[PDB]
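Chemist: The structure follows.
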Amino acid sequence: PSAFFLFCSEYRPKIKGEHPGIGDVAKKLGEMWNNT
DNA sequence: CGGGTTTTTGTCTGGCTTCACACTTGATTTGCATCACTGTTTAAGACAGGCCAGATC
């Protein structure tokens, strides 16, 4: 388990309740993990 | 001989199932190359001069 490991799923529902899909949901989550 | 009785298949539309699989991104494993290092000559056999020594005219 790494940062993105426990960051792609722990914050997954925060976009999965908006994005039905499951790449596009965590996609912008990767961008907000990269910005920081 | 061609026609007929077995094994073997297509076959139903439903709901079921396990699981491959989309889509990132870094932390691991795994593959395959490199790398620095080691052994520390002869031994038979052919041919040639050359020196010497004994033979011969």
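We name chains A, B, ... following the order of the structure tokens; residues begin at 1 in each chain, and ligands are numbered from 1 as shown.
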For chain A, list the residues within 8 Å of chain B, counting only C-alpha atoms (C1' of nucleotides), and write the list as a list in words.
Modeler: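 Taking only C-alpha atoms (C1' of nucleotides) into account, residues 2, 4, 22, 23, 24, 26, 27 and 30 of chain A sit within 8 Å of chain B.
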Chemist: Show me, as a PyMOL selection string, the residues that have an atom within 8 Å of residue 15 (chain A) when counting only C-alpha atoms (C1' of nucleotides), minus same-chain residues fewer than 3 positions from it.
Modeler: chain A and resi 11-12+18-19+25-26
Chemist: Write down as a PyMOL selection string the residues of chain A whose backbone DSSP state falls under alpha helix (DSSP H).
Modeler: chain A and resi 5-8+13-16+23-35
